[PDB]
């Protein structure tokens, strides 16, 4: 579960902000939030590697708490 | 500078290779053993608070580059004088000094 | 010139001239000369930059020399580093006034990919280290030790002796205790490679400061048949 | 290989000159015997470390110095081979 | 946070004291070492009160101190060994009231190192040489002389080095005007570090070795070497030449021993213990300090034990050699 | 307050905070050097002065950002996560067993008094201006070369026996101005731009307004 | 000549390819341009132990025996010898005497720097082989029938005494000066003492009474050359 | 300059070479008994000499007075170092003959110092 | 020198002889080879001023014309305490130069 | 003959430092004792890497050095930039002709400004405490990782009056398993009684903060 997939985001959101968003729940050890080079903008889906299982199990619940720019965010195991 | 003002000159850190009449060799005594650089720092160098503050030429008012000089290089060359005291070191009646 | 005395008389003359027409006209000429290919020209130009820097105080020639480090040419960048090395050697104790200025330049050079950039920066650290001895500049020097120290596993001899010179300068400026704290973990490391390099740093600290290390050794516990605790220091009055 | 052997000759040269430099194969016992003996010499040298030890044990200083000199022979027990 | 240091009361404990004619006159002074300070004390004979004449701070650790006279000399010089890695020779100037450094000779690195000399300091009783040695494997002899303007001159050091060897004490032997001798309480730890069983540590023994400075050949030679029965802790120079026999008194635990090189057999006297003593019976007894009183007539030693008991020690000479040591309770 | 400063026998100072409503003692800061501590005294809420067996005094301060709100893994360098800065080192020369911050004379200022094992008593007095601090530093640097120690030792090397000397002017060396020769006193006092009575007066003023 | 014929490397044995490799390197050291000479020099130094002390010396030593050397080529060859003498420090024992008869002539060369580099390579050879090997090897040359060999052996013992020290070979030297079968050996031993005093200078003083007692019986000898050399040895001491 | 200044480096100065005497004290295999200390004042030498002469003469296959007198000269000091003597003879003799040679000369000197007369046992017998 | 790794110092116990420097070497430090800030006077061991050699250059060996000093940095690091700083071997560079000129000239 | 990692880890006083290769040491007990001693800095990590130190593809794109701010206050960079931008336009003829007829007073900054840059505006840089060794990726991995119960100003996006919106659900769903000891108000922390914050107020009243011995 150490990693989660996160959908439905707005490009003003940032990886550093994202790390602080999910570390509100529990620390994101490895952050991945693609920067698309071609048009220089984000599609808004994320992958998160944690310390161990602990971060992963919480992950799905952490999704409900999240609400970026008046919108929700998908979090599921991976 | 003139001959009495040469004690006011600064020295180069490395010793001169022509040893005679040098001011910065060990034998001359101007390069002293166990020098503390912090104690001899303000000697013959600019010090805005100290005694040698940033001066300008008395004639042209442009800034000199040597501590304790009252005349800038060009004005001292043209009038024939020592840059520090203003005593004349050259008789320039027959010399059309050319700044070029 | 081939004869060295001609070259050192020439360098001196640059400082005397800069006292008359000012350090900037002289310094621009000398900085332009660093693009030359042959090393004898460039090393002497480097010494002359330091000569003028010392005779006309370093706040005059510092800004332009530090600006020249951004020029995208290798010899110019090695050249500026080389003349800072001579400069700190020349000004001595007076170099506590500019150590904060040139600390970020040196930590940029010590992170550099070129090995030479690292050996000249280590020479600058050696000479700057011994000048500020006794003056409370140990935070800059300890910061620069964090950059100098990973270069101990270099194998090229010129770079390897510049690093060792830097560490021997740092021992007398930030103390034997810090230098022992750096060595400690690798003196008994499994690889001979890490071990003998570490042991030859330890020997240099030991030779130079054998007496001061008495207070700084760690506590080794007793094993089954040998006792290793220094019990006298553990005494309480 | 040859560089190993030249390092070895250089370090045994050092060790003869300054007693108590190590090399890559210093054992624990050797390093600690050196720093014990250096400690003892340092205690003898400084007057107030020797005062402190002569007060903490109720001994006279001559007895203290003589016991430290006795400990210099085998400071950390017998050699571990 | 810039601080300034001041000393209100200087150190008062005493590490070394030497007595001599330092002022150059009839009067006798004492030069005391207070560890970090060197002081000159002159005690009044009629009044009996001690007066402090000089007190100078030397910024170092004074590790040994001796007094030194040149041959036919009135004033005495002070020879200081310290942690500075150099040996200095000082002369008191009464008109100026300051010590004056006469010589400073550099031999080693600074600090209280294990092999750099400075710990032990011994002078030749006639005044021709001085010998400075470290705790182990490093000794150096300096030859002292007078030029035609009566100024002190020093030579290059002559070295006597012996690896793996500990020195407990070094004293200069009073041979008359022969080649200067220096006696030592050496010990060799070389064998002991190569015995895993630990026997070689147990049965290695301290030796007394005599170094002779051969003034003809300008070099120091390790002449005589004799094992001792038990470990001594210091040595006393027996006055010799014309006055008394030339040997060394070795003080060891529970014993005082006279030894000399030659045909003289070693002479041992137990140290008297206190009658009905409350101490632990296992504890031995050593001497902590001594002093020699040399008159022109005769001489004796005053040696103090750990408990504070001062004994007179007097040697009885049957012609050339000594036959017994006599030992008498003086005071506490 | 609720801060505790523990002197380890060889691990130097440790700062521990006591929080009441958890009932626990929490290490929040320490030092980066091994130190054989003999005594300590608190200079303010953030500063500790200490002394070793080896004969040197240090002054350790706590950096301005540190909070003692630590709740009980990481640590730096096998120790606490916050480190204290050493802001003064000084080798006295003789083992100090007592530091105390006090005023000695009526109408004087405070000072840090220490008493050595050998029987000496000294003070460590703080400078109140830069002009004093520059004067005394220049007097010290002249005298280290003009009037070197009598047994062949270096003064900067002596006071930096175990750790480099930091922020202290040795006044025992400075008050040996008055023992120099008059040509040397005049030569030194030229570069301070003062006459030898003025130099003796400034050396005597600081002793007067702190001490005896 | 083996470089002239052309041959596949794989066909011949590892020994023969090793010696062909050494032959190419030596040609580049003798006749090369300074780039070739530098690279070949470096490679024969680094691969010296891998080659072995045997295969080097049986091709280096015939080149120094050639009747057509120039002194710069001789110099380059003995530079090769003392570079590899640091490498195989203990593997040169079977080759000690072979080096001496190719280097001892340099001790009497009329050129000063040849004389000094002959001394340095004999002192390095003494430190590499140790006293016992040196003593056994030079024992035969003391009573040799030619006075050339005796001359240069007496010169070389002085050098070996500088390196290893006089107390080491003072018993052997005493044994060679007392020997009453041959006066050539007595003459040669006293000549060694003379040469030690000329070379060592001040160093011989701590042994002066050991040295004179070896020479005293020669002043009264029945052979007149021996009396002359004893007087010359006394004057040197 | 009467000679050149440069004469080579001594072994105390030059770290490029290892100490060959210590190295040989490690790797040669010495005889069993050479650790016992000998005092030569307690030994009579000229009675020991003809046996040595004969022993070296038959080992060598001829007579070499330099090897003879070298062996004798090493025995002149008060405490003769036996291990150095076996090393110093190893070059001349086989190194196997040197080991045997010390292995019989050394207990003979031990027997000589135990005697009052200075003479070892096998020579008192005969 | 610091520029030649194969050169070797004497390092015996230094004495009362003052070491000197030839015109070529004038003003430089014997150890680290610098031109600035001279701190202490160089002493050489007895053997190194024996006889004819009395008064030659410490660093190269030519006729000495002035006294040799250690610099300030070698004093602070106590490099001035290691021994006699006389160079005892010519080295490869000096020898090569001789044979090269002699070949040509 | 040699320890495996588990026996070594139990035999240390502190088992977090032991690595795979420490068992290969000639004296592994002392090695792990020294690695767990205070204030010692570890061996640089690239000792085992096959690629050479700092010779890595990311290091190709390093930007030029930037001057500090107090030096850019002098205007040296604009002057010297303009100067070298003219000097690439000149031909070799023109450059060698102004070398015989020079031009004075060109690039001169007054001395007082240069002195003030060095003796008034100098600022100490960011420095690193002892044991903070540089390694190759360091300046990119310097983002670190901010703990629950501590929020950033920007995480403004919530726009909620000051408790957390998520908590209204953490009490519902439970305390997260990953954190065993975490404390948040309303679940197991006071918004019992709430006297914890009063303690900090009372102590903060108690303290004098006047640094001893500073300049006047």
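First chain written, first letter: the chains are A, B, C, D, E, F, G, H, I and J, and each begins at residue 1.
Just so it is clear, contacts are C-beta pairs under 8 Å (C-beta built on N, C-alpha and C of every residue); 3 or more make two chains touch, one makes a residue touch a chain.
Here's who's who by UniProt: B = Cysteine-rich PDZ-binding protein; D = Splicing factor 3B subunit 5; I = PHD finger-like domain-containing protein 5A.
Counting one step per pair of touching chains, how far is subunit H from subunit E at the shortest?
Minimum step count, subunit E to subunit H: 2.
Name whichever of B-F and D-J has more C-beta pairs touching across its two chains.
Answer to which pair has more contacts is B-F.
Roughly how many whole angstrom separate the Cα centroids of subunit D (Splicing factor 3B subunit 5) and subunit G?
42
With chain centres defined as C-alpha means, what is the inter-centre distance between subunit D (Splicing factor 3B subunit 5) and subunit E in Å?
Averaging C-alpha atoms per chain gives centres 25 Å apart.
Note the residues in subunit D (Splicing factor 3B subunit 5) that touch 2 or more other chains, in rising order.
5-6, 9, 14, 16, 18, 20, 28, 38, 42, 45-48, 51-52, 55, 77-78, 80
Mark out which residues of subunit E touch at least two other chains, giving numbers and ranges.
Within subunit E, the residues that touch at least two other chains are 1-3, 13, 35, 61, 83, 85, 106, 109-114.
For subunit I, which residues are shared contacts with two or more other chains?
Each of 35-37, 46, 51, 72, 78, 89-90 in subunit I touches at least two other chains.
What's the complete list of touching chain pairs for this entry?
Applying the touch criterion to every chain pair yields A-J, B-C, B-F, B-I, B-J, C-D, C-E, C-F, C-I, C-J, D-E, D-F, D-G, D-H, D-J, E-F, E-G, E-I, E-J, F-J, G-H, G-I, H-I.
Could you list, by residue number, the parts of subunit J that touch subunit F in their complex?
Per the stated touch rule, the residues are 14, 36-41, 129-131, 195-196, 199, 203, 206-216.
So in the complex, the part of subunit F that touches subunit J is made up of which residues?
Touching subunit J from subunit F are residues 1-2, 11, 19-21, 32-34, 43-47, 76-79, 83, 101, 110, 126-130.
Over in the complex, which subunit B residues touch subunit C? Could you list them?
Where subunit B meets subunit C, its residues are 9-14, 16-18, 35-38, 41, 45-46, 65-66, 73.
Along subunit H, where are the residues that touch subunit G in the complex?
Listed in rising order, the residues of subunit H that touch subunit G are 2-4, 6-11, 14, 16-18, 20-21, 23-24, 65-70, 72-74, 76, 87-88, 90-92.
Enumerate the contact residues on subunit F facing subunit C in the complex.
Subunit F residues touching subunit C: 9-10, 33-34, 36, 38, 52-54, 97, 156, 160-167.
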